[PDB]
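A quick write-up on the structure given underneath.
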Amino acid sequence: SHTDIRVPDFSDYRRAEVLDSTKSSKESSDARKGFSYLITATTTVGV
Amino acid sequence: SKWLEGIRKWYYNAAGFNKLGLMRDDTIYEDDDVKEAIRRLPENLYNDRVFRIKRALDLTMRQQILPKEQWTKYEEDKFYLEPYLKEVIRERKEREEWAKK
Amino acid sequence: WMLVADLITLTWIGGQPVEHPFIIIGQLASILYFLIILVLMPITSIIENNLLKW
Amino acid sequence: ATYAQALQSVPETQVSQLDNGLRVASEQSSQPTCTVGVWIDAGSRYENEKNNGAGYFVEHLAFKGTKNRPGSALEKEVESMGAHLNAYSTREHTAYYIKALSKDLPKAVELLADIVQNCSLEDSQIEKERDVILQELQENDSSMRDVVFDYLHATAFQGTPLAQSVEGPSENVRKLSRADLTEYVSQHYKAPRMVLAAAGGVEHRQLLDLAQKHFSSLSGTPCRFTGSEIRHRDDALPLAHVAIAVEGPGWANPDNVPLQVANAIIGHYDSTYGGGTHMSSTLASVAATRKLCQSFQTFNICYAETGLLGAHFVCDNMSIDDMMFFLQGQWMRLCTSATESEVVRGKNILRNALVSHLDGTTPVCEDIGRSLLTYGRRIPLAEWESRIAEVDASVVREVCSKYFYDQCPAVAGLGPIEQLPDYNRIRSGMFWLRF
Amino acid sequence: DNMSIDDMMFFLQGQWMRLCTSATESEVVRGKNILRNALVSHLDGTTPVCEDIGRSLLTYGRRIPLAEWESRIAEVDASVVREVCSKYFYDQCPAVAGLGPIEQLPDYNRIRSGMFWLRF
Amino acid sequence: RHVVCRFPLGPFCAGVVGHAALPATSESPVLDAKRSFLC
Amino acid sequence: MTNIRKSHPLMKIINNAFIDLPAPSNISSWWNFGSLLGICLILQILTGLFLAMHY
Amino acid sequence: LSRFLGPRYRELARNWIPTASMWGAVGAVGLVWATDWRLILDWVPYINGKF
Amino acid sequence: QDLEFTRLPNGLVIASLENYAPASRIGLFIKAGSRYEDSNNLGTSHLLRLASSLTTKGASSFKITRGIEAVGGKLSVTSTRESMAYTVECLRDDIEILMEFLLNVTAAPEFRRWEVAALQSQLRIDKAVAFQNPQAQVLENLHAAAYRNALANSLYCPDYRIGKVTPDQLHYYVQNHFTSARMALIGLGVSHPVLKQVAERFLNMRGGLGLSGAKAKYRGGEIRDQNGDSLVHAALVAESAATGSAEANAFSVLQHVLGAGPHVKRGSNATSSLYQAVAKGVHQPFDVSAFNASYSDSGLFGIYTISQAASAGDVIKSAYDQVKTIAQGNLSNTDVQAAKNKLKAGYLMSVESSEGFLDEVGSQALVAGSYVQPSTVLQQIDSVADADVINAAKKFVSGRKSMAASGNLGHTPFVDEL
Ligand code: HEM
Ligand code: HEM
């Protein structure tokens with residue numbers, strides 16, 4: 001029965017770069033982490 | 001040798017673990033190596049150590065010393081823990097040497 | 001007990017005015033306090049360890 | 001003779017290609033017994049949702065009957081010869097190999113050709129194997145390790161063919177028909193996508209001529225890794241199975257060797273290991289001393305363009321968090337502060353594993369076929385040894401940082417996984433604030 | 001168990017003090033019936049009856065008849081139970097014997113303190 | 001052939017995986033094979 | 001049931017700290033100065049609170 | 001000190017020296033920034049405008 | 001090259017074959033095991049198997065484990081009621097260090113009380129892991145019922161002895177059973193002189209021909225375990241022959257005629273006579289194989305059946321009836337020849353691997369004190385005649401039966417009823 005389960009689609013929440021199922025996330029990993037950590041670093045600078 | 005033995009005996013009597021019935025290894029600080037050495041002790045020796053320590057603690061509670069006849073003699077003091085402690089320290093040293101390189 | 005006596009001496013010297021008799025006593029007492037804590041006590045403990053055959 | 005001389009003395013593998021494109025490779029070891037098999041570049045990853053279970057179904061019906069030898073005639077001939085007929089199907093490869101005496105190589109090759117090409121699929125046999133496959137799908141829920149690894153594939157490669165399980169969904173198994181199974185066989189069991197491999201007393205000329213005799217009449221998208229977690233919590237289950245992975249290099253990528261060295265450094269453990277506290281692996285030592293884990297293993301599953309790199313550990317309900325902490329700490333220490341001595345130990349372990357696995361005619365044939373499919377060549381043990389020697393502490397740190405540091409993990413859980421750390425905590429474990 | 005000695009001692013001494021201070025009629029009735037049934041059941045069979053005869057003659061100087069036992073039991077009330085339990089159990093130094101893993105067994109000062117209630 | 005491994009129906013092949021101390025035990029043909037096909 | 005001293009949280013902490021704490025039986029009167037130190041701290045706090053009302 | 005005198009620890013020191021130096025720079029910048037140390041900040045071009 | 005077989009004066013066999021392979025495997029085979037145990041010291045063999053990594057006089061447990069991992073080698077102990085084997089595997093370069101460790105383990109064991117006490121827990125874990133497959137429990141009970149003494153002793157420590165195995169008992173076992181005359185040193189990938197040097201360096205001290213256990217006596221009893229499992233695992237066996245006898249080869253040929261372990265994955269075991277005979281009568285899931293265990297002084301042959309609880313009796317009786325069929329003379333020459341072919345292929349495949357070759361060489365050296373080339377073993381196999389197979393079937397049918405069954409015994413038959 002474990003085979004029957006398939007992870008529900010998360011495309012609505014997925015970022016644009018990882019929307020496609022046909023492209024590697026290795027190329028976009030740095031960009032995505034960079035956006036998130038840029039948010040964090042700017043927040044810490046203001047703090 | 002006799003001079004060193006005489007000074008050692010003077011120190012042994014000057015220290016009071018004999019007066020309380022304790023042997024020298026009974027008075028060692030319980031570091032981790034000593035804890036493992038105690039864990040490795042045979043049951044008879046462990047029980048004898050436990051009772052000696054308890055009796056010494058009771059005597060110190062009442063600020064009393066054991067009768068002079070019952071004091072541990074310098075000759076008869078037996079270093080029961082020393083071989084186990086030596087083995088434990090050897091194992092620790094081997095592990096540290098392996099860690100070094 | 002030498003250390004305790006030295007601390008008492010340091011208190012007495014600190015109370016007293018700075019002058020010929022007290023200045024030298026205070027300097028020697030401070031030297032003795034640090035010496036007892038750092039040097040004499042450990043070497044004496046090692047000597048006791050040797051005496052006990054530990 | 002030194003180890004290098006022994007490696008150089010290893011018999012070479014001879015690869016030849018028939019006109020249809022079938023690649024025949026053999027290694028002659030001068031042994032009475034030999035193993036021969038056909039390794040096909042077919043599996044779940046080449047199957048869409050409609051026909052996900054087709055390959056497993058064909059493997060089930062492969063030895064049941066063939067047109068030339070109907071029903072049990074194939075089994076009877078194989079058993080009378082004394083040979084063993086076995087097959088395994090994976091997401092990327094499917095293999096049928098016969099273990100037999102060297103003298104029986106011609107009949108073994110003929111039988112393999114019959115199985116690959118002229119495999120009858122009687123609807124009655126299909127229905128019987130459908131019953132069997134459904135019962136096995138029920139049975140496979142018992143194997144917690146397989147369930148957790150299927151969960152890891154599902155979550156890690158969600159939305160891609162690699163997520164699909166080899167057995168396939170029960171609905172597809174029920175709805176599969178002879179027509180679609182035959183279509184799958186025709187589409188994927190093609191001569192250019194197959195390799196005939198033999199190891200043992202075979203002679204490459206004899207194998208090639210037999211393949212010409214029997215196999216001649218034959219035809220002439222990168223997946224996405226997603227950092228996600230699947231948690232199936234069943235408190236009744238006695239022990240909790242957790243598998244955590246990050247995307248790894250494919251078969252081709254040279255980084256696989258240093259990553260395998262790092263995984264050797266991390267090590268493996270089971271409650272019945274005898275090293276216990278004195279085991280070299282720090283995680284293994286901690287697990288033994290604290291009794292954190294019943295079993296622990298590091299895997300480097302690799303596919304054509306992507307792979308799963310991580311570890312699988314079985315723990316009690318109260319020990320999952322500590323085990324996760326220690327495993328991620330080991331990964332981070334390898335990324336940041338790897339050392340030469342542990343790298344040497346890992347290199348020796350990898351050499352021993354590589355040499356030991358190749359021991360055995362069946363492992364040699366497996367390696368020949370799977371390497372020809374995956375690499376296009378049989379990598380000699382000497383080349384493996386050279387690549388392993390090149391690895392050092394700096395290389396290990398660089399590779400682990402590339403594939404481990406600040407990389408979103410894929411996590412699967414089963415059993416009492418209530419103490420399994422939340423994905424945010426697990427992800428934060430993948431990077432070190434000190435570094 | 002080694003780790004339950006203190007709780008068991010607390011509950012036992014609490015029951016003792018509760019009987020001494022705040023005994024109630026219903027439990028007294030239950031105890032009286034229990035004693036009556038124990039007395040009647042024990043004196044069943046020639047061995048128990050003969051043992052009772054001999055021991056009663058040696059100890060009481062006479063075999064107390066079951067009717068006398070029943071009368072004395074009936075006399076018992078919550079007040080009588082409280083009085084006797086106070087006389088024998090309350091603020092009275094106990095005697096304690098321990099065997100086995102008895103480290104959790106309370107020290108004699110604590111056991112003696114348990115023999116009285118600050119509330120009462 | 002002078003061993004219980006000579007009987008390959010499965011000599012109870014009950015060894016446990018390990019490294020630097022792996023204990024294994026064997027008895028003799030144990031069956032348990034090909035019943036796994038059906039629950 | 002349970003003893004409130006051993007089961008109530010604050011009473012649990014208080015009991016472990018000063019009622020059922022396993023203490024060596026041979027501690028001397030030099031082991032009374034620390035509790036004297038805590039008493040001194042409490043006394044200083046109270047006396048100073050009353051002094052500061054007027055300072 | 002006896003235990004931490006070996007080839008591995010020397011390798012460990014080399015691995016962490018780049019991180020320790022970077023953290024030390026973070027402390028140096030933070031101290032100068034927080035204290036507005038004019039001695040150090042005068043050299044910096046844009047921050048020099050403060051004074 | 002070729003295997004070099006040498007018997008040293010002390011009685012220790014050293015055999016070396018240089019395969020010029022990257023990995024060298026050396027194993028010391030000792031004629032000690034569950035059989036060489038008595039009621040007082042039951043379970044000592046198990047703890048000895050689990051005590052390989054414990055401290056020895058030459059090296060500490062830390063040194064043994066850490067060094068063996070550092071070279072990447074593996075130390076394993078494989079135990080059989082009659083034999084105990086210590087095998088060290090590593091690359092050809094580092095073989096000497098693992099040989100030093102192995103000889104220290106076997107010849108100079110220091111069973112320190114604390115380390116031995118620590119290992120006592122591992123016995124229960126190992127037994128629990130082994131018994132997860134019910135056939136292990138079934139086989140242990142089968143050996144217990146078949147033999148009054150010796151081979152009856154289990155390969156796993158009895159539960160009442162899990163924590164009561166003493167270091168003194170381990171020392172006694174090692175001293176009285178780990179002797180030179182009971183040892184064989186077999187190495188693949190190493191030179192003969194090096195092996196001789198190591199054997200002289202370490203194993204020489206122990207005197208040969210140590211304490212010898214009593215000859216196994218056939219109890220012929222039934223042990224039944226009701227555990228509630230849906231599948232009933234039962235084995236009906238009879239005393240067949242000792243290893244190395246011609247009757248033993250006849251019994252092996254009979255085992256393959258009736259059907260040894262399956263050949264085709266998901267196969268119906270069509271050639272196997274027992275499987276077809278049971279299938280004709282039982283249409284539920286079932287499993288039937290021929291059980292042959294050959295030991296130095298005795299052997300057991302019989303049928304092992306895994307079946308649903310309700311149909312267990314039918315499966316057992318049908319397999320027994322097929323064996324009776326063979327005993328009555330209904331054996332075809334073609335079937336006998338097919339069984340011979342399967343036996344020869346099985347032997348060759350067993351010796352195919354390095355582990356298989358090492359185990360086979362050690363077993364032959366211990367049992368017979370000589371090495372027989374595979375060709376001679378095949379010639380022995382084909383020497384068997386059909387009449388001998390029929391006579392072995394007759395011996396099974398006539399002989400007293402010992403049975404062990406586990407599961408919802410329920411409708412499972414008793415030995416007398418069989
Ligand atoms: C406001 C100041 C302090 C207070 C209220 C205080 C309070 C206490 C108390 C109540 C104890 C346990 C009772 C006892 O062991 O006698 C204790 C123990 C201890 N204190 Fe203090 N203390 C103070 C300052 C200090 C100082 C200045 C030192 C050292 C320089 C110190 C070192 C210790 C040590 C080592 C112990 C453990 C004694 C033992 O284990 O036998 N304390 N303290
Ligand atoms: C360990 C705690 C404390 C110590 C050791 C301490 C010590 C002292 C000392 C030595 C004096 C000088 C007394 C004099 O010169 O006559 C003093 C004065 C004073 N302290 Fe404290 N103090 C403590 C806590 C407090 C607290 C908690 C308060 C208020 C809440 C406080 C408020 C005052 C006041 C109002 C004075 C003035 C008394 C005067 O002028 O005579 N002190 N303190």
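Following the order of the structure tokens, chains are lettered A, B, ..., residues in each are numbered from 1, and ligands are numbered from 1.
Each residue with an atom within 12 Å of any atom of ligand 2 appears in the list, which was built counting only C-alpha atoms and all ligand atoms: residues 36, 37, 38, 39, 40, 41, 42, 43, 44, 45, 46, 47, 48, 49, 50, 51, 52, 53, 54 and 55 of chain G.
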N, CA and C atoms of the current selection, written as an mmCIF file, in the first residue's frame:
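Writing the result to part00.cif gives the following:
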data_model
loop_
_atom_site.group_PDB
_atom_site.id
_atom_site.type_symbol
_atom_site.label_atom_id
_atom_site.label_comp_id
_atom_site.auth_asym_id
_atom_site.auth_seq_id
_atom_site.Cartn_x
_atom_site.Cartn_y
_atom_site.Cartn_z
ATOM 1 N N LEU G 36 24.660 30.045 55.977
ATOM 2 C CA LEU G 36 24.808 31.323 56.660
ATOM 3 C C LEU G 36 24.972 32.455 55.654
ATOM 4 N N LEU G 37 25.657 32.192 54.540
ATOM 5 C CA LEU G 37 25.804 33.209 53.503
ATOM 6 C C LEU G 37 24.466 33.552 52.860
ATOM 7 N N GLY G 38 23.640 32.544 52.580
ATOM 8 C CA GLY G 38 22.315 32.825 52.046
ATOM 9 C C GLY G 38 21.442 33.583 53.029
ATOM 10 N N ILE G 39 21.518 33.211 54.307
ATOM 11 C CA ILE G 39 20.789 33.941 55.339
ATOM 12 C C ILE G 39 21.270 35.383 55.404
ATOM 13 N N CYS G 40 22.582 35.592 55.281
ATOM 14 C CA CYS G 40 23.124 36.943 55.261
ATOM 15 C C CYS G 40 22.612 37.723 54.063
ATOM 16 N N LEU G 41 22.528 37.077 52.900
ATOM 17 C CA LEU G 41 22.011 37.771 51.726
ATOM 18 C C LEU G 41 20.559 38.182 51.931
ATOM 19 N N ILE G 42 19.737 37.281 52.470
ATOM 20 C CA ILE G 42 18.334 37.615 52.713
ATOM 21 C C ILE G 42 18.219 38.730 53.745
ATOM 22 N N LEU G 43 19.011 38.649 54.814
ATOM 23 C CA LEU G 43 18.982 39.671 55.851
ATOM 24 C C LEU G 43 19.415 41.022 55.304
ATOM 25 N N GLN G 44 20.461 41.037 54.475
ATOM 26 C CA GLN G 44 20.894 42.273 53.840
ATOM 27 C C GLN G 44 19.799 42.840 52.954
ATOM 28 N N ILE G 45 19.127 41.984 52.185
ATOM 29 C CA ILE G 45 18.082 42.471 51.290
ATOM 30 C C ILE G 45 16.952 43.112 52.088
ATOM 31 N N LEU G 46 16.502 42.450 53.158
ATOM 32 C CA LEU G 46 15.401 43.011 53.943
ATOM 33 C C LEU G 46 15.810 44.304 54.643
ATOM 34 N N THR G 47 16.966 44.293 55.311
ATOM 35 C CA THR G 47 17.409 45.474 56.038
ATOM 36 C C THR G 47 17.641 46.642 55.094
ATOM 37 N N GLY G 48 18.202 46.371 53.915
ATOM 38 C CA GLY G 48 18.385 47.415 52.926
ATOM 39 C C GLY G 48 17.084 47.922 52.342
ATOM 40 N N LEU G 49 16.113 47.034 52.122
ATOM 41 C CA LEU G 49 14.818 47.505 51.647
ATOM 42 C C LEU G 49 14.187 48.449 52.656
ATOM 43 N N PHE G 50 14.321 48.140 53.946
ATOM 44 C CA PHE G 50 13.776 49.040 54.957
ATOM 45 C C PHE G 50 14.604 50.317 55.079
ATOM 46 N N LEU G 51 15.920 50.228 54.870
ATOM 47 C CA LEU G 51 16.758 51.425 54.892
ATOM 48 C C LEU G 51 16.457 52.348 53.718
ATOM 49 N N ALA G 52 16.238 51.775 52.535
ATOM 50 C CA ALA G 52 16.052 52.568 51.327
ATOM 51 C C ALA G 52 14.734 53.323 51.349
ATOM 52 N N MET G 53 13.766 52.853 52.133
ATOM 53 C CA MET G 53 12.538 53.615 52.313
ATOM 54 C C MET G 53 12.811 54.973 52.940
ATOM 55 N N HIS G 54 13.967 55.144 53.581
ATOM 56 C CA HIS G 54 14.315 56.391 54.240
ATOM 57 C C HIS G 54 15.571 57.052 53.691
ATOM 58 N N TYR G 55 16.205 56.488 52.669
ATOM 59 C CA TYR G 55 17.474 56.997 52.172
ATOM 60 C C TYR G 55 17.280 57.722 50.849
#
Which chains and residue numbers are within 6 Å of ligand 1, counting only C-alpha atoms and all ligand atoms, if I want them as a VMD selection string?
-> chain G and resid 31 to 35 37 to 38
Include C-alpha atoms and write out the residues we just selected as an mmCIF file, in the first residue's frame.
data_model
loop_
_atom_site.group_PDB
_atom_site.id
_atom_site.type_symbol
_atom_site.label_atom_id
_atom_site.label_comp_id
_atom_site.auth_asym_id
_atom_site.auth_seq_id
_atom_site.Cartn_x
_atom_site.Cartn_y
_atom_site.Cartn_z
ATOM 1 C CA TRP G 31 29.547 23.325 55.646
ATOM 2 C CA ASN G 32 27.232 25.648 57.590
ATOM 3 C CA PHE G 33 28.791 28.896 56.363
ATOM 4 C CA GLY G 34 27.213 28.779 52.905
ATOM 5 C CA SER G 35 23.685 28.591 54.279
ATOM 6 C CA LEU G 37 25.804 33.209 53.503
ATOM 7 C CA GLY G 38 22.315 32.825 52.046
#
Give the alpha helix (DSSP H) residues of range 21-70 of chain E, as DSSP finds them on the backbone, and put them as an MDAnalysis selection string.
-> chainID E and resid 21:22 25:42 46:59 66:70
Define the interface residues of chain I facing chain B as those within 9 Å, counting only C-alpha atoms, and report them as a PyMOL selection string.
-> chain I and resi 60+62-63+66+113-114
Give me every strand (DSSP E) residue in range 140-233 of chain I, going by DSSP on the backbone, as a VMD selection string.
-> chain I and resid 183 to 188 222 to 226 231 to 233
Name all residues at most 9 Å from residue 331 in chain D (count only C-alpha atoms; drop same-chain ones fewer than 5 positions away) and give them as an MDAnalysis selection string.
-> chainID D and resid 262:263 266 326 336 400 404:405 430
Compile the contact shell of range 24-29 of chain E as a PyMOL selection string: residues with an atom at most 12 Å away, counting only C-alpha atoms, same-chain residues fewer than 3 positions apart removed.
-> chain E and resi 18-21+32-36+73-82
If we count only C-alpha atoms, what is near range 4-19 of chain H at a cut-off of 10 Å, once residues fewer than 6 positions away on the same chain are taken out, given as a PyMOL selection string?
-> (chain B and resi 96-101) or (chain D and resi 336-342+393-394+397+434-435) or (chain H and resi 25)
At what distance in Å, to one decimal, does CA of residue 81 in chain D lie from CA of residue 215 in chain D?
->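 We find that CA of residue 215 in chain D and CA of residue 81 in chain D lie 21.4 Å from each other.
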